[PDB]
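So the structure is just underneath, and the comments pick up after that.
Readers should treat all values here as calculations from the given coordinates under stated rules, not as data from a laboratory. As a convention, Cβ positions derive from the backbone with ideal geometry for all residues, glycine included, and neighbour counts pool all protein chains shown.
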Amino acid sequence: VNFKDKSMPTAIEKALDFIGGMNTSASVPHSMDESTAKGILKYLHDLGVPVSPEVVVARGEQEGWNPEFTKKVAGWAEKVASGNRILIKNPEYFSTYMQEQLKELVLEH
């Protein structure tokens, strides 16, 4: 009994949560959240959902991200939407839990 009729699991917006992170104070020096973000982003692309760089900048302005980070992500989304591929600096950091989390929200959608 949730009472809320139906509702909708915000899968895509929870992906933004991973992109924004739990520490939004970062710009030039990003650690794992550069390549892991790419991993998640390319997973969406693999599912057939190529994100537009616009939605990154737009949501970045809304949630208050750092421009340098947003522009980098926009460059990734650029290539992602264009159908290109990017290099991951640390492939081990793409953990299964994050993937199956998004996957589960899309599944129940």
With a point put 7 Å past each Cα toward its Cβ, work out how far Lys14 is from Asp46 in nm, to one decimal. 1.8 nm
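Stretch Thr96-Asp5 to full length: gain in nm at 0.36 nm per residue minus the Cα-Cα span?
Details: separation 91, 0.36 × 91 = 32.76 nm, distance 3.07 nm.
Full extension from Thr96 to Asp5 adds 29.7 nm.
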Could you count how many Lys pairs in the chain have their Cα atoms under 29 Å apart, skipping same-chain pairs fewer than 8 positions apart? 29
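Defining a contact as two alpha carbons under 8 Å apart and six or more residues distant in sequence, what relative contact order in percent does the chain show? Show your work: numbers first, answer last.
Numbers: 91 pairs, mean separation 41.6, N = 109.
Relative contact order comes out at 38 percent.
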Volume per residue, Å³, of the convex hull around the alpha-carbon atoms of the chain? 120 Å³
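Rounded to the nearest 0.05, what FRET efficiency do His109 and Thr24 have when you use their Cβ-Cβ distance and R0 = 30 Å?
On the way: r = 26 Å, r/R0 = 0.88.
Result of the calculation: an efficiency of 0.70.
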